[PDB]
Every structure is written in structure tokens, then in C-alpha cells.
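Chains as they are written, first to last, in the UniProt record's numbering: chain A, 4 to 420; chain B, 4 to 420; chain C, 4 to 420; chain D, 4 to 420. Beta carbons: idealized from backbone N, C-alpha and C, even for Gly. Comments concern the structure below.
Number of protein chains: 4
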Amino acid sequence: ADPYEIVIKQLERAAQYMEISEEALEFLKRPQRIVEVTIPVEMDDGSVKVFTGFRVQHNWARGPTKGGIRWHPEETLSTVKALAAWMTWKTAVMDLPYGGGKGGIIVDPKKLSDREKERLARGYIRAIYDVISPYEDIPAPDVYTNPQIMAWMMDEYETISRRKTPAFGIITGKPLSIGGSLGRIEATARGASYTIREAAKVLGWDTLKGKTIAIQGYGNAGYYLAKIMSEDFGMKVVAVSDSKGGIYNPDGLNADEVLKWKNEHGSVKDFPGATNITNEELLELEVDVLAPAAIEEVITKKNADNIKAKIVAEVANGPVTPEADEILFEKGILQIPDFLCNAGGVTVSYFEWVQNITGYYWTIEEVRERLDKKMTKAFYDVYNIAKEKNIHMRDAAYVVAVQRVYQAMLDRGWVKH
Amino acid sequence: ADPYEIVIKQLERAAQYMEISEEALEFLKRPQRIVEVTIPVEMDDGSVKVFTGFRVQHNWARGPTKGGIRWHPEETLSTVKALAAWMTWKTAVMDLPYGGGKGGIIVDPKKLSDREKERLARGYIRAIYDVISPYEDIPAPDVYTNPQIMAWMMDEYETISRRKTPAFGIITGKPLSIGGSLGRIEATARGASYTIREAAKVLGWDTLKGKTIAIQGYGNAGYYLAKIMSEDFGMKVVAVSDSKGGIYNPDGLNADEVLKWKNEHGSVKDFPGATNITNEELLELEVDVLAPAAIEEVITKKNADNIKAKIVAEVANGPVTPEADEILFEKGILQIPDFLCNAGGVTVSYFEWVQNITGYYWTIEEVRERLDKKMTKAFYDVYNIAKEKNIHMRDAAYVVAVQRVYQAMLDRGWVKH
Amino acid sequence: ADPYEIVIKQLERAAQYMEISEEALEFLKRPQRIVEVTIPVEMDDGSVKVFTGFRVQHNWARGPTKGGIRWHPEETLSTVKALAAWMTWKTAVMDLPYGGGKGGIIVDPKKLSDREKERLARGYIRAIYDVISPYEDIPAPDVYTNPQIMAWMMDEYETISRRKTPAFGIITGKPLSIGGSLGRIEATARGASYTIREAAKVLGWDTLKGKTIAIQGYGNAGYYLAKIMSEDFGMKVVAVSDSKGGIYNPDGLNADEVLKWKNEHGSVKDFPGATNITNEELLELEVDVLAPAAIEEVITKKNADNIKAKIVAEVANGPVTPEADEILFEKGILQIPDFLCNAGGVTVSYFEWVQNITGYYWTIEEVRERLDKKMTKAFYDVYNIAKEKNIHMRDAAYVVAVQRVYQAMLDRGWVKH
Amino acid sequence: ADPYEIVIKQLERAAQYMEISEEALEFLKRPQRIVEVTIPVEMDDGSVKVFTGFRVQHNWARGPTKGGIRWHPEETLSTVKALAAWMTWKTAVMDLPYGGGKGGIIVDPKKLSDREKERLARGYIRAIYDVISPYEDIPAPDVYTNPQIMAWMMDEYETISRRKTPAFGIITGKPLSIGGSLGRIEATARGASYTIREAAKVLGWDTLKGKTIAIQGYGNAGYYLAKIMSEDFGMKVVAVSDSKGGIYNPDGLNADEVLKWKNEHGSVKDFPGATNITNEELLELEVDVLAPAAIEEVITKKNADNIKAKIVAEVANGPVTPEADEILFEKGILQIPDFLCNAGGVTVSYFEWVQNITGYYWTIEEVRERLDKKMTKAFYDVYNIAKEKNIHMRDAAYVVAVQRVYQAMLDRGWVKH
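Laid out in C-alpha cells, this is it:
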């Protein structure tokens, strides 16, 4: 199903680099459970309006399903299905004891009041209560949903479950007053930083200090990456961009300042003491590290040939296309694939659940240290195969993921071969 | 959703004969909950194969959802959704304390072995367990499912629930050894029979004795109806048919002998002493009562005109089209609309559930007599509105049904208007 | 406790007339379980407002506790405890398999909107969920609450319990679209009629036909009673009254017609087909039967002496004081005590519960017939002790009640003597 | 409520120093849930005796409620409500993922036998089962209850819950044979020591080594503190006292040796290696640190003026009155308020719960180390506000606490402002 069609495809590819039965394959192509519900919401005007919602649990062989809830007017089931499958792979690559899940509500949130948003949130839990549990299915935030929304959902869950289960553990991305974890805001960037650090290593880099990075996108990820790489790495952020434009400066930019600028003007554009550039231009800079952190399909057939970075850190999802991959590989450019690169969020989300279920909370330092250990390992799991089978890192990432899900399905007896 | 699509119509149509808000209409148009699952079955060859199943709960305002499970290679979600909405109207018309539901497995049952069928039935329960209960959603047999399939499904349900709930009550259509109800096989015919009986009364008939009825279709229902009308009501069964054609005999036929002949021969066709006719002719005889109990859309624009019967007892589902409805209504023919006419089966399924949850089983006499009361009442409920609003019986049947559901929704506060 | 104190008093009295241990007495003087909660309600102005609620479970020796929920600005816990203990005696006098319970919310419902009422009702359930169930504690309507309120409470219960238990059975007094019982409105009046019928029999009356009755109060109870006593028994309803006043007519009033008058004008007062009297006068009429069906303490030391009726049917709660009881008793007036006389309501609530849990609904005639049997039985159980001990009926009623609770406690081992 | 009134008072105070809505305030002034039950106990003489019990759950915004059970002849519900609200502030000041709760039984334990105590303890659990759980409300020992009592309560819980939830986690203060935590006995003293250590740091002291301390009270708390401050910090314990009197020695007492004296004689009074003083005098000694670890209200308007210590570590609950607080504060005396100072006990109870739910037990050193971290943190969280606002530490402690509860409520949507 277009988007859903795409996954099965990715699935088909990996298969060419590994051994897996057709039995296993057919099973993986279909999500194990899908629930689709009608949520009636009492609008502020005193009438009720109904919304359509879904929760998709793709696979739970390796453990409870994990994955966000999107609130969006063009949401469809296919998309939610495609995204749940992706979570299956991401959780496996990071070696977490989780499967993949995803949910969504077909709604335009900008039209709802907070009261109405709260009602919608609670209504979603009331509708799906039966298929979720701290040991079954753990949602999280995504497009258009946030900690506030997670909090309302948790509260409704606590009300129905009657405090007979560790309710804080039903969902992640929570505010800290009620079980949230430290490290959540910087999670992705922080996680990507460790992979960049290992890439440099394998690459033979002396250090990162002084190296250069260009970052496309100036959101949380963008901003945080910029900040970490700079203050923690010693790198030089010579360029950043936003939907408006990029900006250049070889002496390197200051994350925070660029940040305020953006605040005041609405674009990174014009920042003082720097040259304005296009996004296109940004991608082609001659840098040690290119970190595309905004939207997909920025690296294609077209410009692939002009990329000049040594390392492409995919922070955003789907930045590099498939043909571009081939070119890049052939060029000797090392890519840190999306689902591996930006996995720091799901990982910290996993640490949140551990803290909620054990009732013991961690420090930002413990969070970072454990995240470092997880990302490093994952990095190598992939690198190693890639090298071992002489294949593209992304292909190698699917192989590691699929093989772990497959082995769990075999040990359980879900498939016989 | 073609089919589903169909249903919306019916809703919109009845809406014109009664007052109901958009709030409620909109709600009624969407099913409350849908579950789609992948059921892996270990085949006899030792490999696993996956199948797609669904369970739809359209509306439960009036009580737990009720409806069969179809096993069929051309099954779609659209259809299952469409059949679930229908069960909502049907339970409401009968005034049962239930809502509507329906399930389906996309499968070609002719290719599975018995062991494989057993595994599939158990797998369906293992997959939808969380959304079923004796007070939540009660399946039953349908296309290609039967008592056997029901029994394996109950057993598995009992195994998962640990006998902590009245398990026999999870599903109906069961074998008598484990809680089935007497009267199950004759139910549809028996029910229809009471409706024909009240219809004669409203039409002024004196008695049914010696009146004539032609029955199109000679399966369970056609056969039992033949048998009942004649033996119990003293009517003359002048013609019956099967897919290979009809037989005519103005002196009245013997249901049993016809049955015997069919078994032995394959068709009612060539029954001794009778005259062979086409189905098409059967529909046009001049009888007091015509009961289409085979397939749909047998009476249309084309022949509605030729219909000579005073009463049309819609035993099969959808034998009469909308254009045909108009005409026959014009002609002053009295129609007993499918979902009212053949509701004896759901009705007895309700009685089976009652016996299971109370643990007290009834005699066939008790069964038959409570069925009469129910059928008789549902009949006049529909008939009175019909007259009183001077509308078609079918229209009145939707009116009675939608009004009940709507009222329950309002009482609960699911719609505010 | 004042109100609560009065209960001990009552309990200490029956003890004179029966042998019961101190162990028991003391257990009986205290409710087994009290839950007091704070219910936050989101008001229409979007601010949150907190209300105080309670549910008192006095004694459940004989079965699940049963009792209404009152919404009133001056509710107090003492009152609710006192009324829970009363339900204990009432269910026992009727021989129902229940104990007594009661709830209340301190609120002035007159200032809330519907939306706000709905939210307070769902909130109470969300607050006391853990201590209620169809086999544990079943509420019902009372001061300021009604079927609509019950409906919202059932709905919330259903949503929290996930349809895994027979939810319609959680609370009684529901609307008929969702599990309500036929017979609910006339229940009280209807139950009292059977008691009046037996009291006349034991009095040696010939028939009721032609006898006379005066009814104080013209609500549901007063009106239905008037209606029933006349139309069903052939009594002459010579006077009825309301808070504005009474009306009289020796030939008999026509209940419906007086109802309509009251409806337009607001009082039965000035009805054209009668002469006006006062409430005080009404109590002193010379009728065969006097039925105070309005408020308490209308027959005291002051006028007790003027009572001329042969039978005083206590429809209302506490219309005769203890001092008056003595007087009437010496005068040979037969009193049908409140908790016995007006028990048809709880009894029909018991029937609603049965229909809900068994899933099988009764006709008005079934309701009536079973009601009759229950009431008649309870009447003689009481009457026999009074006679045999030569005691006031009220005293005999407590004796019958307490002993039954006492014995169930001994059998359970709750008390050892 | 007097006791309860005093809470509102306290809450109304912190409000001066912080911005908080009325909506919140009002919610906070009432406990969310109260359960009062009657517990029947089979006495040794074989008669049944009924006792009154309660469990109050003040607020669970931040997590499961936490708090002890008191057995005392003069318990009242007002007191238990008041103490539940206090636990709410205490768990919050410590940043624990809990809310506050408390229970009590009106009994004089001194008249019961062990068999009888056992039965009352199991009875309370059988009575409040529905409202407790390892993730819902976790009790602990208090006035007149202890580990043995806790053990019997856990056992009964385990029997009712069927071992389906982590039962050891239902209650804390357990014996070590069944899930108790190391560090429990010294907890209070130990926690206070870390606070004393930081208060000296913020005071600019050099070391504690050689400083002096006077301890009022020579129970567990007094003794362990004395023991710890001397042996672990090198302070000189110059005076200790008990209800019979105090003893003094400028060179420092030896805690153990004084303990033994007390043990044989019954009072620290007359210890040979010191001179006798009074409690009043003890409070007025000129020491670096004064620790009232006995009873309340020993520092009032009367002598507040005579206090010579630089640090007053409130070990006991409420030893200094509000009027005295003002005086000491102007004098520049640093007070470590009770609920902060003596929180090591609840904190170690929090650790016991963690070990029980995770099934992994810690060493005394792990206990100590985590305790330290918790206490230190809480100290500065408090200290910083006081400093910054120039407010009494006690006021700063309520500010820190209330705000945390308040924020968790806003996030849940419990209050909207």
C-alpha cells in the first residue's frame, strides 16, 4: 500500500543478503494485530464529533511493541502500518526487548481546543485499553502529539487499570513530574553523536576536534546536534540551514547564538557574520560530516554525485534515496543509516520504561552513559556485517534487524523454518 | 465499500422517515471497533501459513455485539463491516439486548484438512481474545462455519479464560453436548412461520388452512418452512424449487418426500406426479404466499410486475430489490422484510446464550413458545409504524431498529442530540 | 450521628423482642465499609471544581448491598450511614438476597448543567469503582438522581470494566433502552396495594370494593396508588392532597383527571369536581384506609388521637411518630410500616438486576405477579409475629429483619454467638 | 479536623510564597480517598470483637501513596487525614515517585494477645484489600506497629492476591527473612547525618570533626545519631537525654556505653561518666548542633530565646513551634525542618519497595550511598529557595513540596490552572 508497499520492498532486499524462509518472510510482511476505532469527542460546542483512530502492533516476538502516536489530517492506516514495521526494525537493530508498534488519529489538531484535545486523548485510550499494557504495547509521542498528550493518556490509563499495574510504564515521552526521564529532549542528537564518533574512528580519524560538520535542519535534532558536536566534540559547525535557508562560516557557527537568531528572525537566514546559502548548496559543501536532519529525499540520483562529505549521518528519516545510496557507497562515503543513526530517541524511551517499571529513576549522566554503550554496540553490530559481507551499511542494518526478529520467531515456534 | 456503501444508504433513507441528529447518523455510520489479525496456522505439511481475519463490533449501545463468523476466500473487511451494521438493525428490530457484530477469515476452507481447520479456529480465538467475552461479543456460525467450528472455538476460549467466566456463553450455534440449544436447526423457518401467521391475520385471512404457498429454495429453511406451513398450518405447498429448477403440484407436495427425492436425485426436479417448472415461473405462480428462500435479487424491476402473491415472506436475505419494492407496495402486496422475517435464528441464538449464562436449559416447547412471542411482537412493532406512517414494511423496519439504537446512544450520553 | 443515633435506638428496640447477642448487636451498629472520596469536575467555565462523595456498605451478610444515591446540598455522612442501615432492614424484611448500602454527593444539582451533571456522575463511578460490582454493591436513583443519571453511571462502569462482567447489572432504575425493567414507575404504589389487600383480609373485610381511602401526597406514589386502588380494587378515592392542599369527594375522585388538573394548575387544590380541605383534615377523615404518601411525621401525639382510619398504609418514610404508634396501636389501628409498605420499589429493583444478570427480560404481568408474591409473603411474615407477640407491626418488622441478618452472620462465622 | 485544620494552615502559608491556583489549593485540602472499615476479631475468649480502621489516600499525583499504620487507643480519622497530607509533602520534598497515605486502627494493642494482634492485622488487610497494591498504596509500620505486624499483613495480602503480583512489595518495614531492606534501623539518624553534614558546609564550617552536638531523646533515632555523629563524623556528643533526664560531658559521651547504661538502669540519667542535667538545660547548651529527637514542641516562645546552637536538626516531628521559628530565624539559627531532616526513613522504605519489585537486593553500602545522594539533593533543593527568597527553611520546604505536587496535577489534567 504505497508506503506500506515500500517496506515489503525493503524486506525483500535484505532477504537477498541473508537466509530466511518464505514462511518467515510472509509472516513479517503482515502486522500481527491492528485495531481501528471510532472515538467520540464532545466538542466545546456541546455536540459530539467522532474521529477515526488506529493502533497497529506489527510484531512482538522480541518483546512488547513500542512506537509513537501521530495526530494528523492526512493520516491513513497504510502509513501507520508502514511505520509500525519500521519500529520493528529499529528496536531490533538497537537490540531492545521490544517489537514495533505505531498509532495515529485522523484529525487536524490545530482546530481543537485543549479541552478537546484532552478529550480526544483520553478517548483514544478508552477505545484501545484492551490491547495495551506496560508489558504489551507502549506508545510515545510523534507528529503533533507531545508530553502533555502523553500525560493525559497515562492518567486515563491509570484510571481504568485501577493502579493495579505500573501505570507510569504504559507510555513514554512523559513530563518529568510523572515519570518522565531526563535526557529526552537531547536524545536523538546525543545518540547520533556517538555514532559519528565511532564512524570517525573506523574511518581512521585522529579526532573530531577541529573537524567540520554541516547540518541541514535547525530543529531540536538540528540544534542539539550542532551544540553537542561543537561543545562536546570540538568540531566546527560551519553551516546550518532551516526551511528558509542555510548560512556559512568557516570559522564555525555558535549553536545557541544561531539559535536565538532563529528565534528573533524566524530563519537562520541572515545571521550576522555569515554568508547565506541554499539548501542544495549546503548539501554539497566540502565537509568532513554532512548531517541531514530535516526532511527526506534530499540526497538523490541528481545530487548524489556532488556530495563531498566523508560521513553522511542520517538524523532525519529517509534523507538519502536508494540510488543515491549506491553512488555514495561507490564513492567511498560512509553512511550512518537513519534507523540506526537517529535511534537515540527510542533508546531513551526504553530507559524511561525501565525506570517506570523498576520505580528507580536515573541521572542525566547515567542516561548518557548507558545510551553511549547502546549506540556504540549497535553501530558495531552493523558495521561488522557490512564489512563482513561487503555491503552498504543500510543493507547491513536490515540484515541485523531481520535476523534478530526472525530468530525470535523461530525460537517461539511462530514459524517452523 | 460498495456493500458498506450500501448500508450507509439504508441509514440515510430511514432517516427521512424519522427524526435523528447528524451527530447520531455520523456515529451510526462508523463501526465502533475493528480488529484485524494475522493467524499463523501450522499446516499438515509442517510449514506455517498465515491467514487474515477480522472481527468487527459495529455498535454495542444496546448490549453485547452478536453475529457469525464467515470462512470464505473472497471475504473482505468491507463486507464484514457491512454485515455487522446489519446485525445491529436486526437485533434492534427483534428487541434483543444486543448490538451488532461480525467476523471473517479470508480462507478457502475446502483446501484445509480438519486438523488445519481446527488450528485455524483456535488461532482466531487466540488472536481476538481480548475483545470477546460472554458480556461483550458473542460469535456464531456463518458461511462455511458450523457447530464443529464453534465447539473448537469455545474450547480454546475456555482454555484461555481458565473457567473463570461462563465459557459456554462465549459463542452460540454449539453442539448440544456442550451447551447448544434445542430448536436451532428449524429456527429460521419456525420464526418465518409465525410472521406469516400474523401477516394473514392483518390481511384479514380467515385461516391459513388450505392456503397456498410457493417456496423458492429447498435447503434447510426452504425445506423446514415447507414442512411447517403444511404440517402445522394446513397450507398447500404447490411448488418448491432448487437451483436446478421447480416442481408444481396444485394438490400440495409432501415436504419429506420431496426432500427424500432431492437427496437421492440432487434436485426436486422430476419429482413424480408433479410438473416441472422454472424458478422464474415459480415466482409467478398465483399463490397466497410466496417465500423466496434461496438467493437474492430474484424479484426485480423486470418481474416485480408478475408477482401474484398476496404475501411475500423474505426468508433469504435481499431477494427483492428497491425498484421492485416500490411496485409491489403499489400493487398492495404485503412484504415481510428479510431481517424481520428470518430473525428466528438470531433469536434462538439469544435463547442459547441465556441458557448458557443461567446454566438452565430449555425444552423445545419452551424454545418454540418464547420464539413465537418474540416474533409476534417484532411483527406488530414493524407493522404498526408501517400503517401509521403509511410506508413500506422495510422502511418501517429500519425506523423501529434505528430508533432503538439511537435512543440507547442518547441515554448513555454517546451523542448529545 | 443523630440520624445515625436514631438507628441504634431502633436496633436496641427489636432487641427487646428477640434474643440476640451483644457481639451481633455491636457488629450491626457499625457499617462494614465506608468510602468517602473527592470528585473533581471540570466545569463549564473550564475551571475544576471538587465535590465530596460517599458510598456506605452497612452489611452484606445476606448478599450484595443495595441502595440509592442522593444528590443534595445538605447530605452528610451520618445520614447516608443511617439510610444504609435502613436498606439492610428493608431488604431483609423482603427476604431479598441483598444487604443494605447507600451513597450521596454533597451538591446542589440545581446549579449544574447537564454536562456538569454527566461529569459528576461519571466521576463518582471513577472514584468508587473498586468497591462496586454486580455481585458486590448495586446502586439506584434517589433524591435528585434519576434514570438519566443512572445511565451515565452504568456507561462509565462499562467503560472501565471492559465488558467483562454483566455491566447492565451494576445499578438499577435504568432507562429501558438499556436494561431498565418494566414496572418501575408504579412499583411503590403497586407494592403497597398488595399489602392493603392483605391487611383488609386479615381485618376480616369482605372486599375493598366500595371501601374508602384518603391519600396524602400526589406524587408518583400518591397518584399511582389512587389510580390503582380505584381502578384495580374498586375503592373510592375520597380525598387526595399535595403541599398546597387537599380536595374531597365522597363519591370518589378520578385520579387521572385530578392528575391533569394538578398538572395545569400546580395543585390538586380547587379541582372543580370536589371541595377543598386541608392536609390536617385529610388525616382525620373517616375513611377505611389512610395512606400518608407525602412526608414524615404527619401523625404525632398531637393528632394521633384523631385518626379514624382502620388501616394506615405508610407509603412515605416515617409519617407516624413513635408516640403516635402507641396510641394507634391501643386504638386497634393496623399500621403497615413504611419499610414494609413501600418496599415494592426495592423489590422491583431486585427484579431489574435479575433480568440484567440473566439477560432475559420480563413482561409487566410477570413483574406484577412476582411482585405480588413477594409482598404478600413479607406481609404475613410480619403480621404473624405481631399477632403472636401482641406487638406493634413496626416492632414485628424489625424482629423479622434483624433476625434474618443475624442468622446469616452466625452462619458465616462473622459473630460466634 | 483541628489537627486536620492545622494542615490547611500550612498549605495556606506556602501559598504566600508561591503562585498557585485556588482550584489546586482546594483540591489539595481534601484527601482523594478515605476508607473506614469495621474489623471483626475473634478473641481468645472465643467472642467476636469489632474494631474501627481507616486508610486515607491524600494525593497520588506523583505516584502510589506511601505511609504507616498506627495502632492507638485514641486514633481519630482527623489525625490520620492530617498525617496522610503530611506524607504527601514529605515524599515530594524528597522527590520520591509517591504520594502520601496513612492508616490507623483505634485499638489499645497493650490489651491484645499476639494471636489477637495477628488476627487484627490480617483483618485490616482483608478489609482494605481493594484499595491497595504495590503500585497503588504501600503501607509501613508506625505507632505501635512493627515488622512483625507488617509480616502478617504481607502474608494475608499474598494469600488473597494469589501470588500474581509482586507481594513482597505491598508494604515496607518488613523483616529481612521476607524482603526487608538492610539499613532500616539506622535510616532516620543516618539520613539526618547527611543533612547536618551539608548544613555545616553551607555554614562555612571547616569540618564537623571536633564540633559538638546535644541530642534530646535516646531512642533509635537519638542513639543512632549520637553513634553516627561521633564515630562517623568525629563530633563530640556532649549530652543526651531521655524522659527521665539528661547527662553531660564536654569531652563527649560514648553512645554505646550510654546505651548499655540506659538499658540496665532505664535512663541515661546517673551515667557514671558524666554529670546530670535536665532536658531544658540540654536545649540551652552551647553546642554547635542541637538535635531534638524526642518529642514535639520543646522549643517555643518561652525558651526559643535561649537557644545557643548554630544548627537545629529537627529529628523528631514538630519540636519547634512557629513562634519559635521566627525567633530563631532572626537570630540566624539554621533549622533543618523535621519533614526534611528525618526523611531518611521514608527514603529507605522507598528503597525496600524497589528491591522488592525488582527482586534484586542491595548491600548496606549501596543503601547508604543512595541515601546520601537523595538527602543531599533534597537539602539543596530546599536551601536554595530559602536563600533566594530569604525565607525560613520550613517555608522553603513546603514551597518545594507543593509545587511538585501541584505541577504533577496540572500535567495530569486534574486541575486546569
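Check whether residue i and residue j have beta carbons under 8 angstroms apart
i: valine 241 of chain B; j: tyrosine 251 of chain B; result: yes
i: residue 442 of chain C; j: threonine 191 of chain C; result: With chain C represented from 4 up to 420, any question about residue 442 of chain C goes unanswered, as that position is not in the structure.
i: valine 385 of chain A; j: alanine 400 of chain A; result: yes
i: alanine 316 of chain D; j: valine 96 of chain D; result: no
i: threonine 148 of chain D; j: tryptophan 74 of chain D; result: yes
i: residue 422 of chain B; j: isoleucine 72 of chain B; result: Since the displayed chain B opens at 4 and closes at 420, residue 422 of chain B lies outside it and no answer follows.
i: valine 370 of chain A; j: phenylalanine 382 of chain A; result: no
i: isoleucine 310 of chain B; j: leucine 293 of chain B; result: yes
Spatial distance of residue i from residue j (CA atoms)
i: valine 38 of chain D; j: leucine 206 of chain D; result: 46 angstroms
i: residue 475 of chain D; j: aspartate 117 of chain A; result: Beyond the ends of chain D as shown, which are 4 and 420, falls residue 475 of chain D; an answer cannot be given.
i: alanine 87 of chain D; j: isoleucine 108 of chain B; result: 55 angstroms
i: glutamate 8 of chain D; j: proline 43 of chain C; result: 21 angstroms
i: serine 81 of chain C; j: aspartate 414 of chain D; result: 36 angstroms
i: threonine 303 of chain D; j: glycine 103 of chain D; result: 28 angstroms
i: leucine 123 of chain B; j: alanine 130 of chain B; result: 10 angstroms
i: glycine 49 of chain B; j: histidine 420 of chain A; result: 9 angstroms
i: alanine 319 of chain A; j: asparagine 62 of chain A; result: 24 angstroms
i: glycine 182 of chain A; j: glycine 176 of chain A; result: 9 angstroms
i: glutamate 77 of chain B; j: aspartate 111 of chain B; result: 8 angstroms
i: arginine 200 of chain A; j: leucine 211 of chain A; result: 7 angstroms
Chain C contact for residue i (CB, 8 angstroms cutoff)
i: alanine 411 of chain B; result: yes
i: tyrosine 160 of chain A; result: no
Proximity test, Cβ basis, 8 angstroms: residue i and chain B
i: residue 422 of chain C; result: Within the shown structure, residues of chain C are numbered from 4 to 420, placing residue 422 of chain C beyond reach of any answer.
i: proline 137 of chain A; result: no
i: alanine 154 of chain C; result: yes
i: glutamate 289 of chain A; result: no
i: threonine 41 of chain A; result: yes
Test: residue i CB closer than 8 angstroms to a CB of chain D
i: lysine 84 of chain C; result: no
i: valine 418 of chain C; result: yes
i: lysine 167 of chain A; result: yes
i: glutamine 35 of chain C; result: yes
Neighbour flag for residue i against chain A, beta carbons, 8 angstroms
i: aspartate 140 of chain B; result: no
i: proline 325 of chain D; result: no
i: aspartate 111 of chain B; result: no
Distance cut-off 7 angstroms: residue i Cβ against heavy atoms of the ligand HEM
i: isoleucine 298 of chain D; result: This structure simply doesn't include the ligand HEM, nor any ligand for that matter.
Minimum Cβ-Cβ distance from residue i to chain F less than 8 angstroms
i: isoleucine 163 of chain A; result: Absent from the structure: chain F. Protein chains present are A, B, C and D.
Item to complete: Could you please tell me which residues of the segment 336–363 of chain B, in chain order, have their CB closer than 7 angstroms to any CB of chain C?
Response: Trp356, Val357, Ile360, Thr361
Practice prompt. Could you pull out every unbroken beta strand (DSSP E) segment of at least 3 residues lying fully inside the segment 85–173 of chain C, listed in chain order?
Written response: As summarised for the segment 85–173 of chain C, the continuous beta strand (DSSP E) elements at least 3 residues long and confined to that stretch are 102–109, given in chain order.
Practice prompt. With a floor of 4 residues, list each alpha helix (DSSP H) that falls wholly inside the segment 210–268 of chain A, ordered by position along the chain.
Written response: Within the segment 210–268 of chain A, the runs of alpha helix (DSSP H) that reach at least 4 residues and sit entirely inside it are, in chain order, 223–231, 258–268.
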